[PDB]
Amino acid sequence: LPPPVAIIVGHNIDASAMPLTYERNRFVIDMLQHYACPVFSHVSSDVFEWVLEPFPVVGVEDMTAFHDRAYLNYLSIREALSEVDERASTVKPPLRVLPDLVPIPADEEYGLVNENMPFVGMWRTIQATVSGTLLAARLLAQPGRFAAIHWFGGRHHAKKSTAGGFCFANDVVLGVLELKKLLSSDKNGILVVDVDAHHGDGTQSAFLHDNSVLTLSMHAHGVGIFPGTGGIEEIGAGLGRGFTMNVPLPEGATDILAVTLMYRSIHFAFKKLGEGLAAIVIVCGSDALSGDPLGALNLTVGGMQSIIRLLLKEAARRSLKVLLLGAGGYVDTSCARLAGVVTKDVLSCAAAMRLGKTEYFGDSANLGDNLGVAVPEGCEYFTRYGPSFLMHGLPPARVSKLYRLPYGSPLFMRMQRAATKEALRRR
Ligand SMILES: O=C(/C=C/c1cccc2c1oc1ccccc12)NO
Ligand SMILES: [K+]
Ligand SMILES: [K+]
Ligand SMILES: [Zn+2]
């Protein structure tokens with residue numbers, strides 16, 4: 001049997017890097033090597049496998065399981081269809097990377113505009129992302145495997161024939177689909193939990209009518225919060241009714257709202273899926289963390305870790321498979337801090353399972369109550385983790401903290417109907 005955790009890295013960690021978060025993969029892998037991995041090493045380990053090859057060469061045919069073929073064909077040749085925008089680029093070769101292309105009218109049909117402007121290398125970064133997630137899904141389906149971790153994937157906004165929010169191919173959907181065909185036909189329900197600060201609209205649209213994939217998204221929601229969808233009334237369609245869950249949060253929400261509500265929704269989702277549940281895929285963005293410039297929430301590292309600990313614990317008990325993906329996140333150090341403690345939790349949990357234990361997190365500090373964990377001084381990027389140099393440290397809040405739902409909140413009202421039909425039945 002292989003090590004129960006596969007950490008999908010690849011040989012060029014910049015392959016999937018995007019122009020706005022170009023350095024982020026480096027912070028994440030650095031934090032994994034110096035915070036999460038050592039305690040389970042002796043690199044060699046019986047807990048995790050550091051995957052660096054082979055990455056399948058993927059093309060249009062490995063993405064048609066979800067995406068419209070004309071859309072994919074266009075992405076795969078778009079860099080041949082116009083010149084680099086040299087007015088937009090004040091720094092010239094050899095000191096530039098991934099520059100914007102000049103737009104063409106055909107970009108409009110496929111949403112390749114604004115934040116999804118095409119750039120040189122875009123098809124290669126799409127290939128790296130999809131390839132990594134497909135490899136992670138295939139390794140996860142092997143026996144003896146508890147989890148596969150691809151911090152570089154998780155482009156949850158892409159739709160069947162539209163790009164959006166920096167996502168072109170939806171490797172979440174493609175990863176769920178590849179997992180789906182490789183799991184036993186007796187047990188292959190999938191729960192996908194999306195704790196990125198933005199509505200997982202691509203993923204939800206791919207499974208709106210499906211009752212074998214339950215999509216649960218936590219996200220900020222409000223006027224001028226991207227992408228605009230994800231209200232409490234989106235509950236699915238047809239056979240899929242009841243298998244789409246949204247937890248839309250007020251801008252600035254803290255752990256006391258987000259964590260409480262996600263715990264409540266996750267337990268509902270476990271129930272709606274019952275014993276057919278086989279795998280959980282976690283889309284773990286770090287832009288919900290307080291201080292993020294684009295996410296408009298105020299979660300703590302400990303709060304995000306807490307949500308994910310509930311999913312890991314349930315997967316360990318019932319012997320499920322876990323596919324962990326990254327997503328958004330626009331502070332490099334917050335992204336690596338979060339990736340570090342979530343990964344250490346996954347390893348600690350898998351190590352506990354192989355020893356027969358029922359206490360899963362004994363090797364990984366709980367940042368919700370331990371505010372003294374230091375960033376490893378061996379981190380290459382260590383000097384960036386100030387002023388605290390602690391694993392829970394976050395930049396000052398960009399939006400005011402909210403601890404109570406606003407007056408009139410439809411989230412509260414939906415609780416209200418149910419939350420009093422509870423105390424009534426218990427009487
Ligand atoms: O990270 C993401 C995507 C974030 C994003 C992409 C494009 C535009 C905006 C984005 O966020 C915004 C907030 C306010 C106004 C505009 C935007 N998805 O997971
Ligand atoms: K989300
Ligand atoms: K669904
Ligand atoms: Zn996001």
# chains A, B, ... in the order shown; residues from 1 in each chain; ligands from 1
$ select_by_dssp --residues "stretch 214-353 of chain A" --states "helix (DSSP H, G or I)" --output "count of residues only"
64
$ residues_around --residues "stretch 153-156 of chain A" --least-positions-apart "4" --cutoff "6 Å" --atoms "only C-alpha atoms" --output "ChimeraX atom specification"
/A:129,167,170-172,200,202-203,283,325-327
$ residues_near_ligand --ligand "ligand 4" --cutoff "8 Å" --atoms "only C-alpha atoms and all ligand atoms" --output "count of residues only"
14
$ select_by_dssp --residues "stretch 233-365 of chain A" --states "strand (DSSP E or B)" --output "PyMOL selection string"
chain A and resi 244-249+253+277-283+289+299+321-325
$ atom_distance --atom1 "atom CA of residue A:60" --atom2 "atom CA of residue A:152"
19.8 Å
$ residues_around --residues "residue A:128" --least-positions-apart "3" --cutoff "8 Å" --atoms "only C-alpha atoms" --output "list in words"
residues 15, 16, 124, 125, 131 and 132 of chain A
$ closest_atom_pairs --of "chain A" --to "ligand 3" --cutoff "6 Å" --atoms "only C-alpha atoms and all ligand atoms" --output "Markdown table"
| residue | atom | partner | partner_atom_place_in_ligand_line | distance |
| --- | --- | --- | --- | --- |
| A:207 | CA | ligand 3 | 1 (K) | 4.4 |
| A:208 | CA | ligand 3 | 1 (K) | 4.7 |
| A:209 | CA | ligand 3 | 1 (K) | 5.9 |
| A:210 | CA | ligand 3 | 1 (K) | 4.6 |
| A:211 | CA | ligand 3 | 1 (K) | 5.1 |
| A:213 | CA | ligand 3 | 1 (K) | 4.8 |
| A:214 | CA | ligand 3 | 1 (K) | 4.4 |
| A:215 | CA | ligand 3 | 1 (K) | 5.6 |
| A:240 | CA | ligand 3 | 1 (K) | 5.0 |
| A:243 | CA | ligand 3 | 1 (K) | 4.4 |
| A:244 | CA | ligand 3 | 1 (K) | 5.0 |
$ write_last_selection --atoms "C-alpha atoms" --output "mmCIF file, in the first residue's frame"
data_model
loop_
_atom_site.group_PDB
_atom_site.id
_atom_site.type_symbol
_atom_site.label_atom_id
_atom_site.label_comp_id
_atom_site.auth_asym_id
_atom_site.auth_seq_id
_atom_site.Cartn_x
_atom_site.Cartn_y
_atom_site.Cartn_z
ATOM 1 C CA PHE A 207 -24.062 19.782 -10.842
ATOM 2 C CA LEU A 208 -27.295 21.766 -10.471
ATOM 3 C CA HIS A 209 -29.473 18.840 -11.627
ATOM 4 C CA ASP A 210 -27.413 16.072 -10.005
ATOM 5 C CA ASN A 211 -28.155 14.453 -6.653
ATOM 6 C CA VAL A 213 -22.733 15.566 -6.089
ATOM 7 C CA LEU A 214 -23.685 17.971 -3.295
ATOM 8 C CA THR A 215 -21.996 21.371 -3.609
ATOM 9 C CA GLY A 240 -30.691 18.003 -7.814
ATOM 10 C CA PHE A 243 -28.230 19.042 -3.233
ATOM 11 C CA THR A 244 -27.053 22.637 -3.707
#
$ closest_residue --among "A:230, A:252, A:362, A:378" --to "ligand 2" --atoms "only C-alpha atoms and all ligand atoms"
A:230
$ closest_residue --among "A:180, A:318, A:267, A:427" --to "residue A:140" --atoms "only C-alpha atoms"
A:180
$ closest_residue --among "A:291, A:316, A:279, A:239" --to "residue A:354" --atoms "only C-alpha atoms"
A:316
$ atom_distance --atom1 "atom CA of residue A:371" --atom2 "atom CA of residue A:42"
27.8 Å
$ closest_residue --among "A:416, A:188, A:217, A:334" --to "ligand 2" --atoms "only C-alpha atoms and all ligand atoms"
A:217
$ closest_residue --among "A:380, A:194, A:14, A:109" --to "ligand 2" --atoms "only C-alpha atoms and all ligand atoms"
A:194
$ closest_residue --among "A:96, A:249, A:166, A:376" --to "residue A:21" --atoms "only C-alpha atoms"
A:166
$ atom_distance --atom1 "atom CA of residue A:44" --atom2 "atom CA of residue A:317"
26.5 Å
$ residues_around --residues "residue A:121" --least-positions-apart "6" --cutoff "9 Å" --atoms "only C-alpha atoms" --output "NGL selection string"
:A and (79 or 97-99)
$ residues_around --residues "residue A:314" --least-positions-apart "6" --cutoff "10 Å" --atoms "only C-alpha atoms" --output "JSON list (two decimals) with N, CA, C and O atoms, in the first residue's frame"
[["chain", "number", "residue", "atom", "x", "y", "z"],
["A", 267, "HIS", "N", -23.24, 19.33, 8.55],
["A", 267, "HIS", "CA", -23.96, 18.19, 9.13],
["A", 267, "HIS", "C", -25.23, 17.89, 8.37],
["A", 267, "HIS", "O", -25.57, 16.72, 8.14],
["A", 270, "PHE", "N", -23.93, 16.02, 5.25],
["A", 270, "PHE", "CA", -23.63, 14.62, 5.57],
["A", 270, "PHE", "C", -24.91, 13.79, 5.62],
["A", 270, "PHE", "O", -24.92, 12.63, 5.20],
["A", 280, "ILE", "N", -14.85, 13.52, -0.29],
["A", 280, "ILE", "CA", -15.08, 14.93, -0.05],
["A", 280, "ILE", "C", -13.99, 15.66, -0.81],
["A", 280, "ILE", "O", -12.81, 15.32, -0.68],
["A", 320, "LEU", "N", -13.33, 7.63, 4.17],
["A", 320, "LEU", "CA", -13.63, 8.27, 2.90],
["A", 320, "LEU", "C", -12.33, 8.77, 2.28],
["A", 320, "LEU", "O", -11.24, 8.67, 2.85]]
